[PDB]
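Okay, structure first, notes after.
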Amino acid sequence: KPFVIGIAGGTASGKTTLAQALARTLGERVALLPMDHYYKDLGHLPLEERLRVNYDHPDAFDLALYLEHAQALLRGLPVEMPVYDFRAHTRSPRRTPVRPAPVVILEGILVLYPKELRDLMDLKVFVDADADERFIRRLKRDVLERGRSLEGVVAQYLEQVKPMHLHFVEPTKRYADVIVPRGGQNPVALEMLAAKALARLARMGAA
Amino acid sequence: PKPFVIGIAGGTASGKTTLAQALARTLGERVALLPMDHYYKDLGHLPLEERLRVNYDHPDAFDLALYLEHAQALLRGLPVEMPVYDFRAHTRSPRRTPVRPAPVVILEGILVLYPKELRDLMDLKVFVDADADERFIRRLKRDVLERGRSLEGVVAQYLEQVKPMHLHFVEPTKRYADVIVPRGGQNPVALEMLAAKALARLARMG
Ligand SMILES: Nc1ccn([C@@H]2O[C@H](CO)[C@@H](O)[C@H]2O)c(=O)n1
Ligand SMILES: Nc1ccn([C@@H]2O[C@H](CO)[C@@H](O)[C@H]2O)c(=O)n1
């Protein structure tokens with residue numbers, strides 16, 4: 001049985017980085033599935049309509065698919081992970097191979113919302129950061145990498161990302177076993193999580 | 001070598017004591033526990049009324065010198081005579097309890113993360129989080145059930161001292177935390193995580 005780690009947290013909280021650093025520390029032994037790339041394929045709709053969608057509401061996510069893949073890896077099967085194109089606002093034509101592994105990291109802003117996802121997790125983590133600090137990174141990433149305007153980001157954040165976060169994301173902190181501050185730069189928490197996983201991996205091999 | 005030093009702070013009644021004991025219990029006879037809440041400055045010379053007015057949530061109320069001395073001695077592989085605080089009498093007791101050195105040292109208390117000098121000694125800084133309302137429930141059940149406190153007394157001490165000093169001194173130390181731990185009283189996962197970190201540090205020292 002693969003050690004399942006659930007990593008949730010607000011947008012730009014450091015959960016992507018934390019997840020990757022943990023993935024990098026265990027090498028070939030981890031499969032990382034970012035739920036933030038599993039938005040429903042709305043490619044058949046005009047840009048005007050893909051731009052109105054609230055991408056922070058659980059309904060914007062293809063939970064069916066995400067869970068299908070989470071369960072495939074749990075049975076030692078690989079998946080063709082979809083890739084969301086954040087610049088064009090649609091499911092990209094690009095796919096990415098994710099091989100099964102003894103450690104599966106389920107990372108995303110809402111990976112702790114559906115009970116179906118929680119039941120698959122051995123360790124549930126919430127990466128904590130104050131919205132002001134997170135907004136700074138959100139804005140930077142959006143203007144530098146996603147073709148987003150200054151006004152567009154503020155608008156999106158205030159009428160969507162934020163209220164959705166307070167109402168959906170943030171409450172899932174109650175389901176967390178451990179809370180990680182400064183997810184992006186916390187070598188101590190990283191080591192402890194690696195150690196936790198290393199111990200479980202040892203239980204897999206040892207008998 | 002050098003012992004693994006874990007700091008466990010949090011508000012009053014957050015679970016910091018139970019988590020500290022659970023971790024100590026699990027690691028067996030390989031841990032030394034120093035509850036800073038038993039290191040209040042000895043004030044037995046003062047009259048009871050004076051002792052009842054002291055703000056026991058302010059930094060100046062703690063004998064950090066003694067605490068730091070005991071922390072340094074334990075790190076140098078030396079046992080210590082830990083003072084025992086009497087909460088019913090509101091004064092340090094004349095008798096102390098011995099605490100032997102160990103490969104794992106736990107420094108637990110509401111303000112263990114406040115002094116810059118205590119943090120420097122810590123390898124892993126932990127903060128047990130629990131909402132103020134919930135913490136107040138337990139703090140209130142305990143004070144009346146085992147500390148001879150009146151219902152009115154607990155409320156006055158909380159609103160006038162415990163709460164203000166928490167927002168001002170305690171809560172902010174959460175910024176120094178390497179990891180935050182919710183439900184410190186019954187969190188098996190977080191315990192196996194903390195234990196996992198300790199065992200690896202024990203592996204590194206011998
Ligand atoms: N087309 C999309 C889809 C998602 N997002 C933002 O991504 C965050 C989760 O990664 C969510 O916080 C969401 O706001 C976005 O800007 N545009
Ligand atoms: N004589 C004393 C001394 C301290 N305390 C309370 O103990 C808590 C720290 O465990 C602190 O929260 C502090 O208020 C107490 O109730 N009575």
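One-based numbering, in listed order, for ligands and for the atoms of each. Naming convention: chains lettered A, B, ... in sequence-line order (proteins, then strands); numbering from 1 in each chain.
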At what distance is the nearest protein heavy atom to atom 6 (C) of ligand 2, and which residue and atom is it?
B:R139 NH2, 3.6 Å

Derivation and outcome, side-chain contact (heavy atoms from CB on, under 4.5 Å), residues A:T90 and A:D41:
CA-CA 6 Å; A:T90 199; A:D41 190 344; 4.2 Å; yes

Judged by non-hydrogen atoms, does B:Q157 sit under 4.0 Å from ligand 2?
yes

Of all the non-hydrogen atoms in the protein, which one sits nearest to atom 1 (N) of ligand 1, and at what distance?
A:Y84 OH, 2.8 Å

For atom 3 (C) of ligand 2, the closest protein heavy atom turns out to be B:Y56 CG, 3.3 Å

Residue and atom name of the nearest protein heavy atom (relative to atom 7 (O) of ligand 2), distance in Å to one decimal
B:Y40 OH, 3.4 Å

Ligand 1 to A:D56, heavy atom cutoff 4.0 Å, flagged ligand atoms 11 (C), 12 (O), 13 (C), 14 (O)

Show your working on salt bridge (charged side-chain N to carboxylate O under 4.0 Å, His left out) between A:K196 and A:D122 and close with a plain yes or no.
CA-CA 11 Å; A:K196 169 65 174 294; A:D122 290 289; over 6 Å; no

4.0 Å heavy-atom contact, A:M164 with ligand 1
no

Does atom CD of B:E81 have more than 12 heavy-atom neighbours from other groups under 6.0 Å away?
yes

Check B:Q161 against ligand 2 and report side chain, backbone, both or neither, counting heavy atoms closer than 4.0 Å.
neither

Closer than 4.0 Å to some heavy atom of A:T11 - which atoms of ligand 1 meet that?
12 (O)

Expected output: side-chain A:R50 to main-chain A:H89 donor-acceptor under 3.5 Å:
yes

What protein heavy atom is closest to atom 16 (O) of ligand 2, reported as residue, atom name and distance in Å?
B:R149 NH1, 2.8 Å

Is the contact between A:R50 and ligand 1 made by the side chain, the backbone, both, or neither, using heavy atoms and a 4.0 Å cut-off?
neither

Under 6.0 Å from the six-membered ring centre of A:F3 and within 45° of its axis: does the NZ or CZ of A:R200 meet both?
no

Would you indicate whether the side-chain heavy atoms of A:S92 and A:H37 approach each other to under 4.5 Å?
no

Could you check whether any side-chain N or O of B:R139 sits under 3.5 Å from a backbone N or O of B:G11, counting only pairs where one atom can act as donor and the other as acceptor?
no

What atoms in ligand 2 come closer than 4.0 Å to a heavy atom of B:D37?
10 (O)

Counting only heavy atoms not in B:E29, do more than 12 sit closer than 6.0 Å to its CD atom?
no

A:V161 heavy atoms within 4.0 Å reach ligand 1 at atoms 14 (O)

Would you say B:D178's side chain and A:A189's backbone share a donor-acceptor pair under 3.5 angstrom?
no

Checking the N or O distance criterion of under 3.5 Å, is ligand 1 in contact with A:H89?
yes

